[PDB]
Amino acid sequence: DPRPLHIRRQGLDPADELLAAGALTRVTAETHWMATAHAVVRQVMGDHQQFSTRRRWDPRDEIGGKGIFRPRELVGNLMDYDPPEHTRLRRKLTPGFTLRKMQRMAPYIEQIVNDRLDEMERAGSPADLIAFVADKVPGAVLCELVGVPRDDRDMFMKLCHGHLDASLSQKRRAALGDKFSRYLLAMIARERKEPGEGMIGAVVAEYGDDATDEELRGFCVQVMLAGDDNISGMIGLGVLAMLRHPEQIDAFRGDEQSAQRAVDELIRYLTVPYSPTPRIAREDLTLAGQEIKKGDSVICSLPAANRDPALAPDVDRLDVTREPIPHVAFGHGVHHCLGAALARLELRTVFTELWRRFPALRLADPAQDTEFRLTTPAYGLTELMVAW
């Protein structure tokens, strides 16, 4: 198998050979170190003093390229920086993700979720949950967060992705980029004139001109690219995982805390991101017994780390009622997922509304093959036929 070891999955789990890899070992056509132990991953990611994030990195680089990011060194990209610089940028974008801001988004996320569910219900059982829900809700949620008018969301999605879609002609990508920046600049101007509750309005309300247009543009794109695939992947695999353990669906038929715990567990169990941004040792050091030399690259396997046998004797099982396990699916350290609360809220809303609307949800065909999404930076499904 030519595909990198950290990219291999078996069903909803990490490949056996990935799970069998040592805590920290070398892998290969550049070569890097690979961290699979929970403690090691936490050490590498939490110590920004010795492991800086590899500036200008693409979560794809393989067979595909169809619909993937294009950095070009984008200012305002939290990932391309480290403290104290990172701390400055982060603090600047934080106003849009406060928990109070997230609580207020709850009602809107529900509205969006129900609107997609309405379209699926109208199509009749059986239907593809991925086409109707998983692939639609994330982007709409992000548009709502950013402050994009409801009627411009479809257009905005096309312009955002399009101006970064390599598979497109240069004439097209450039036309889409022109319109994109133009639209973005006009949105930014309106937010500075009269700040709204959106991400941009929150930032400009707090820091005014200190937040330049370039920064805001950078923030928007970065956020648009960071919160889509991860979520669509979680919705699809998440529903599949729950349908395979139907008794655990009761965690979504009760209080909020119970739904929250289920979501956290699903996020740990499925760990859609294969790995975070590569970490580069800023000096020579000895980790997990290995001799790391300045300039060495370290790839962290979040899925393997979240299956570390040290975490629990049944860490390999899905158990929404288990004693919560501090997973690393959102990362660890100063770069910890800025949209983690939103992701948890969004995913809790989807699952709760889903099973409330379709109590008898099930796979259209018990023996149907699973259509895994293998061409994206995050694991997921391309299709999932369900009946109710």
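When you see a residue number, it is the position in the sequence shown, counting from 1.
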Missing from the model but present in the deposited sequence, between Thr28 and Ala29 | 4 to 9
Looking at the entry, does 236-244 or 94-102 show the higher mean C-alpha B-factor?
-> 94-102
Pick between 166-174 and 307-315: the one whose mean CA B-factor in the entry is higher.
-> 166-174
Highest-ranked of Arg362, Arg54, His38, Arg348 once sorted by CA temperature factor in the record = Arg54
Using the temperature factors in the entry, find which of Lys66, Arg356, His332, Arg344 has the highest value at its Cα atom.
-> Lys66
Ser275 - which third its CA temperature factor falls in, relative to the rest of the chain | middle
Third of the chain, ranked by Cα B-factor, where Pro59 sits | highest
Which third of the chain does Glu215 land in by C-alpha B-factor: lowest, middle or highest?
-> middle
Chain-wide C-alpha B factor ranking for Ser297, given as lowest, middle or highest third | highest
Going by the entry, which third of its chain does the Cα temperature factor of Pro377 land in?
-> middle
